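Breakdown of the fold
Chain by chain, the residues run as shown.
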Amino acid sequence: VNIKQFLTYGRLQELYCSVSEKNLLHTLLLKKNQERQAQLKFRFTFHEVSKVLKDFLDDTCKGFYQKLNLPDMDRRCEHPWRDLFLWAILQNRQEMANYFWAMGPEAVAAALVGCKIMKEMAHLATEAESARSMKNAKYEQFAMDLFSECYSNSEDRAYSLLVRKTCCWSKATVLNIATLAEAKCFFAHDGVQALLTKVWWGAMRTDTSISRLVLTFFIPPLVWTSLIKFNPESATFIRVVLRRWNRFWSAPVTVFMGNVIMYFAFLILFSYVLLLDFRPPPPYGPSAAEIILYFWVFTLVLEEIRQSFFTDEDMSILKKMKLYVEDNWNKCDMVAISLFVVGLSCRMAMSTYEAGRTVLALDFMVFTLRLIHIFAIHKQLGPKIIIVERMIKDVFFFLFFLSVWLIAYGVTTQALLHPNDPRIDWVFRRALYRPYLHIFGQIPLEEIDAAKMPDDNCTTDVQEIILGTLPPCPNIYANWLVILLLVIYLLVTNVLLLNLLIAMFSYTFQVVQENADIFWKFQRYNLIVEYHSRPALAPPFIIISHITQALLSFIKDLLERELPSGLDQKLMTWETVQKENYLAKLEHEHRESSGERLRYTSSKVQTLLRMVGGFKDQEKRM
Amino acid sequence: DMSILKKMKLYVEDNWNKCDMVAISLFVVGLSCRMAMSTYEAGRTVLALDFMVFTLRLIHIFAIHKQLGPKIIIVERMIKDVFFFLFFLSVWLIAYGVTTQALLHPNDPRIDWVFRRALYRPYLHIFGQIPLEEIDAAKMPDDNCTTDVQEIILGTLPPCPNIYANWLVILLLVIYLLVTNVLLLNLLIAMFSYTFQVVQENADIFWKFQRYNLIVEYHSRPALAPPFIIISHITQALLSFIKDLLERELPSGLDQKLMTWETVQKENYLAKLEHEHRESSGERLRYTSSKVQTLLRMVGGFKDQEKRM
Ligand SMILES: C[C@@H]1CC[C@@]2(OC1)O[C@H]1C[C@H]3[C@@H]4CC=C5C[C@@H](OCC[C@H](CO)CO[C@@H]6O[C@H](CO)[C@@H](O[C@H]7O[C@H](CO)[C@@H](O)[C@H](O)[C@H]7O)[C@H](O)[C@H]6O)CC[C@]5(C)[C@H]4CC[C@]3(C)[C@H]1[C@@H]2C
Ligand SMILES: C[C@@H]1CC[C@@]2(OC1)O[C@H]1C[C@H]3[C@@H]4CC=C5C[C@@H](OCC[C@H](CO)CO[C@@H]6O[C@H](CO)[C@@H](O[C@H]7O[C@H](CO)[C@@H](O)[C@H](O)[C@H]7O)[C@H](O)[C@H]6O)CC[C@]5(C)[C@H]4CC[C@]3(C)[C@H]1[C@@H]2C
Ligand SMILES: C[C@@H]1CC[C@@]2(OC1)O[C@H]1C[C@H]3[C@@H]4CC=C5C[C@@H](O)CC[C@]5(C)[C@H]4CC[C@]3(C)[C@H]1[C@@H]2C
Ligand SMILES: C[C@@H]1CC[C@@]2(OC1)O[C@H]1C[C@H]3[C@@H]4CC=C5C[C@@H](O)CC[C@]5(C)[C@H]4CC[C@]3(C)[C@H]1[C@@H]2C
Ligand SMILES: *[C@@H]1O[C@H](CO)[C@@H](O)[C@H](O)[C@H]1NC(C)=O
Ligand SMILES: *[C@@H]1O[C@H](CO)[C@@H](O)[C@H](O)[C@H]1NC(C)=O
Ligand SMILES: [Ca+2]
Ligand SMILES: [Ca+2]
């Protein structure tokens, strides 16, 4: 059977129409068909398949079947193994999909696509057993093992395989598909990390010492010395010195360094303006340092705009905005920008001056916390960010129990101690703020224990309590009960509930620390990619880079590169050979396994018993 | 006798050696400053720090005991954990402290008090020092306070804390207490627990290496303890001018006998390894499958020959 001749588009559509009607793919195709019928022979059509694929990849299946809209039904599929793999993946058939992947040309990209589709469908997950089998798909492992084989083979063709635009997946890069699939374990591969290190250092050699690089950063003229080794490849002298300067000052590591230093400078200036040089409204004018801070934040806004609208390429504006706002650091920045603008606006008026100063203090808090993202560069600091996020989630869930318990205890103690205090603010103080402070050692027994209550001048008159002339007299009717409740609260809260939260923290830390390497390598990938696409200048100076880019656009890649047809075909054949070698080694390993040997021995012993019995009977005939 | 530079490099490679060097330098600087009236207090301060260094130097003798040795390594790794935790702690404390200083004392110009309220007070919150009389308006005393900047700088009266939005200051303090005191402190403690677990898994090996190092260190030391060690030093110098348990040179016959003995021991060890490998389950399975294959082929041939008859 020749699959190239066997699989026509009509045949493929017939296969898509022959879905068992008990699996998720049939339901999804039914929903697509119902939507199409509402908006406007074969039960299902390639339009429905394209829409279903769009709900899992949304960029990869660009005109897989919409190109001709519908293609000729007697025409053979241009990518038969790709189509068969996609069809066998959409319906949770993993063995068949494994076979189709083993016969397919672009296997790393196919495996990453399969892992993405498996996780998205396990998010859909109509059933639960299918969802569990689809959680353990092991396609990212196929991609990782094939790429390990490829990287061990050549280590230079592996990088090109990482960055080349695929032919079977609509010019999508393997790294693009891994990002779409969120394949954290693939990004943690040694080959991917090596390519990331090569991108990180740029023109310099990756073995460059940190001390030499920092010292050359702080002494720019020393870059023309041989202190920093660079990778191979009047007017000439100027050109070569400019080339050396640009190659050093364009590397993502130096851009990162400069951005970190200028962010420290920005925080220092922000703190100076907020704490020492915050002047009255424009009647007495903002200080010059404040205007410098305004310009700095304006350049930050320009950088945000560049990242949200003019990032790297041309897509839908809405798609680019969605990609921008999907990053949590991006929305953190947006919050900081909005807070600064509101603060500045309120500060410009006398009646809102204090509110503006308050909002600006909160904005400094937000910017300082924003500074945290640079810790992903270090293995010992990166994973702790993820730990802190999960631990914040743990705190959020613990807060339900804490709030219920504190409401009960605080209202009971407020009723027992100050039944005649009408003021609501003091009600909430004594009911929640004081019990919360008990957790951290703040136990004011002079307000709770009668024997410790001072002889202060106190009133029982409600009007005098409301007026605030004298503090209310605490009720000591049954003070033993108040003290017993405080003892119980101290035990329960401070030991039991606090250590329940701490045990939750410990479990979270243990779970993240088990996978610390993978998490940090994914973080490092994201940080290196972020600073590789950034302009070489740090804000405020980034205004120069923005102006230069705009002027270049008006007047007139390391990753995701397009290859010549011959080199592309050579790479595809090389990867196919690597996949064949990997599968052959897997088969050989399987054959020599203990279970396989046991099965072979038992079967052959059975055959030997039968044939030896026959031979013995024949001999006994003689 | 080696290269002088090699011996110095070997000396300074030991952390206890550089600890001692720090202690000696501190004592010398302290004594020198103490010799002058204008540097007397600085000398006393440096000598106090030197006592601290010497007392911590005393820790090295704990390697002699199995229950004390490994704890030194645990403490070193835990200090590294603290160093890495300090980045998060410093960033968070800078954010919170500057925000609260701006909210509470926007008119206080003095930088020392800025840094006090921005980092020293929030750090002390971690250890139960929560002065609500400076943060909560309802707990603020009726003390005699000024809003004049000149009077604040002069120090005549304490500055009046700003109570513009005190609910926000209190909410920030509540959030800081939760985040820092529970979350971040227990993140550091979980790091500590992981470090302790990793070292305690290999406690025996670490302590035995420590014991080796300590025994070797005190085997090569002169028999007299300082100050008295001056007598041993003078005796050694006099012996050098006028005129080993480990690392000993053997006669040629005994050396050859030892080499042959070790070769025989290695041969016995390798033979036992080979015998263990042969009788393993996997090897037996491989042998049985291969011989069953051979038996199938040869029995088929024999059966065909019999069927010829
Ligand atoms: C292992 C486990 C640990 C936890 C726990 O169980 C065991 O421990 C138990 C111990 C127990 C507690 C044991 C004892 C008591 C005392 C008892 O009061 C007796 C009531 C009498 C009558 O009403 C009040 O007396 C008098 O009051 C006056 C004030 O009103 C004081 O005058 C002061 O007045 C003014 C003070 O402002 C000022 O003029 C002066 O300062 C002074 O003149 C007198 O001096 C004092 O004599 C109340 C109960 C209490 C606190 C127990 C509570 C429960 C425990 C904590 C257990 C735990 C589960
Ligand atoms: C489970 C979880 C725990 C954590 C938390 O969430 C839930 O708990 C919540 C509880 C909440 C708090 C609940 C209540 C409040 C009170 C509120 O003030 C109301 C504002 C008004 C108006 O501006 C001020 O009032 C008045 O001020 C005056 C001072 O200025 C006082 O006069 C004093 O003046 C001088 C004091 O020097 C002296 O003359 C005397 O001593 C006295 O005359 C009055 O007596 C008082 O009436 C501010 C907010 C706060 C603290 C909440 C903050 C957030 C919580 C902790 C929640 C947690 C997330
Ligand atoms: C963590 C939750 C948030 C929401 C909430 O409980 C904790 O906060 C508390 C703060 C309370 C305020 C505190 C002070 C005052 C001033 C007083 O003159 C009138 C009542 C009012 C507004 C109170 C109304 C009820 C409020 C919002 C409580 C509310 C359930
Ligand atoms: C753990 C870090 C060490 C470094 C540092 O932050 C914590 O220490 C802080 C102590 C600060 C001092 C404290 C007191 C004074 C006296 C005052 O009249 C002038 C300013 C000055 C020197 C301050 C300058 C800034 C300093 C070094 C801060 C500096 C970022
Ligand atoms: C309490 O107020 C009354 C009002 O007359 C006064 O006489 C008395 O001295 C006050 N006591 C205290 C402790 O302030
Ligand atoms: C505060 O200082 C003024 C100066 O006249 C004085 O009259 C007043 O008694 C002082 N109050 C306190 C509480 O020291
Ligand atoms: Ca951003
Ligand atoms: Ca020494």
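Residues numbered from 1 in each chain as written, not as in the entry; some residues may be left out. Chains lettered and ligands numbered in written order. Part of a larger assembly, values for the part shown. Heavy atoms only, no water. Residues with missing side-chain atoms left out of burial classes, pairs and counts.

Comments concerning the overall build of chain A
Per the secondary structure count, chain A includes 28 helices and 0 strands. Relative to a compact globule of 622 residues, whose C-alpha radius of gyration would be 25 Å, chain A shows 34 Å and is clearly more extended. (Helix = DSSP H or I, 4+ residues; strand = E, 2+ residues; numbered from the N terminus. Rg over C-alpha atoms; globule rule 2.2 N^0.38 Å.)

Here we look at the overall build of chain B
Check the secondary structure of chain B and you find 11 helices and 0 strands. Secondary structure of chain B in N-to-C order comes out as α-α-α-α-α-α-α-α-α-α-α. Relative to the globule expectation of 19 Å for 309 residues, the C-alpha radius of gyration of chain B, 36 Å, shows a markedly less compact shape.

Description of the UniProt feature "intramembrane region" in chain A
The positions UniProt marks with the feature "intramembrane region" are residues 426–466 of chain A. Taken end to end, residues 426–466 of chain A is 44% helix and 0% strand, and its two terminal C-alpha atoms sit 10 Å from one another. (UniProt positions renumbered as here; feature names shortened; annotations may be inferred.)

Overview of the packing of aromatic side chains
Residue and element names in this part refer to chain A. Judged by centre distance (6.0 Å) and plane angle (15 degrees), the rings of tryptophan 405 and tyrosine 489 are stacked. Highlighted residues: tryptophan 405 in helix α21 (residues 382–417) and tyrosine 489 in helix α24 (residues 479–514), separated in sequence by 84 residues. An aromatic cluster of three or more residues is present, and its members are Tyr263, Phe266, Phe270, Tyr294, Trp296, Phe340, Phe364 and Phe367. The ring centre of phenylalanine 64 lies 3.7 Å from the NZ or CZ of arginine 82, which sits over that ring. (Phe/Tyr/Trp six-rings, centres within 6.5 Å; stacked < 30°, edge-to-face > 60°. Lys NZ or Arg CZ within 6 Å of the ring centre and 35° of its normal.)

As for the interface of chain B and chain A
Between chain B and chain A, the contact holds 54 residues from the first and 52 residues from the second. For the side of chain B that touches chain A, the secondary structure elements donating two or more residues are α4 (69–104), α5 (111–125), α7 (166–201) and α11 (281–308) of chain B. Here the element with the most residues in the side of chain B that touches chain A is α7(B); it accounts for 16 residues. Split by residue class, the side of chain B that touches chain A holds 38 nonpolar, 11 polar and 5 charged. (Contact = heavy atoms within 4.5 Å. Nonpolar A, V, L, I, M, F, W, Y, C, P; charged D, E, K, R; others polar.)

Quick word on the pattern of salt bridges
Residues and elements named next belong to chain A. Put simply, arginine 430 and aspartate 421 hold a salt bridge, and the shortest N to O gap is 2.6 Å. Notably, a salt bridge pairs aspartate 449 with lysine 452, separated by 3.5 Å at the nearest N-O pair. Ionic contacts of the salt-bridge type, sharing partners, join the residues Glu106, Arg164 and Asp568 into one network. (Salt bridge = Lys/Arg side-chain N within 4 Å of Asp/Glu carboxyl O.)

Brief notes about unusual backbone geometry
Omega for the peptide link from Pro539(A) to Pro540(A) comes to 5 degrees, which places this bond in the cis form. Locating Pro540(A) in the fold gives a position in the loop between α25 (516–532) and α26 (542–555). Residue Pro227(B) follows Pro226(B) across a cis peptide bond; omega there is 5 degrees. Here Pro227(B) is to be found in the loop between α8 (203–219) and α9 (229–242). Not every positive phi belongs to a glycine, and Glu21(A) is a case in point at roughly 70 degrees. Mapping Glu21(A) onto the fold places it in the loop between α2 (9–17) and α3 (24–39). Look at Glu182(A): it is not a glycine, yet its phi comes out positive at around 55 degrees. Its location among the elements puts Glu182(A) in the loop between α11 (174–181) and α12 (184–187).

Regarding the packing of helix α6 (residues 94–102) of chain A against helix α9 (residues 139–153) of chain A
Residue and element names in this part refer to chain A. Between α6 and α9, the least distance of the axes is 12 Å, while the angle of their chain directions is 25 degrees. Put simply, α6 runs roughly parallel to α9. Relative to α9, α6 is oriented so that their crossing is right-handed. Seen from α6, the contacting residues are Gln94, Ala97, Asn98 and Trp101; seen from α9, they are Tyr139, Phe142 and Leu146. A breakdown of the residues in the contact of α6 with α9 according to their chemical character gives 5 nonpolar, 2 polar and no charged. (Axes fitted to C-alpha atoms, helices over the stretch in contact; angles between N-to-C directions. Parallel < 35°, antiparallel > 145°, perpendicular 65-115°, else oblique. Left-handed = near helix turned anticlockwise from the far one by under 90°.)

A word on the UniProt feature "intramembrane region" in chain B
Those places that UniProt annotates as "intramembrane region" correspond, in this numbering, to residues 113–153 of chain B. Between the C-alpha atoms that bound residues 113–153 of chain B there is a distance of 10 Å. The span itself is 44% helix and 0% strand.

Here's the deal with the packing of α2(A) against helix α5 (residues 80–90) of chain A
All names here are of chain A. Where α2 meets α5, the axes come as close as 11 Å, and the angle between the chain directions of the two elements is 5 degrees. Considering the angle they form, α2 stands roughly parallel to α5. Together, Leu12, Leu15 and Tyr16 of α2 and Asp83, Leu84, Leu86, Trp87 and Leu90 of α5 make up the contact between the two elements. Each residue belonging to the contact of α2 with α5 can be placed in one class, and the counts come to 7 nonpolar, no polar and 1 charged.

Overview of the environment of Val199(B)
Residue and element names in this part refer to chain B. The residue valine 199 is located in helix α7 in this model. Taking the C-alpha atoms as reference points, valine 199 and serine 3, separated by 196 residues in sequence, lie 36 Å from one another. Once residues within four sequence positions are removed from consideration, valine 199 is found in contact with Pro70, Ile73, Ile74, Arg77 and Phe206.

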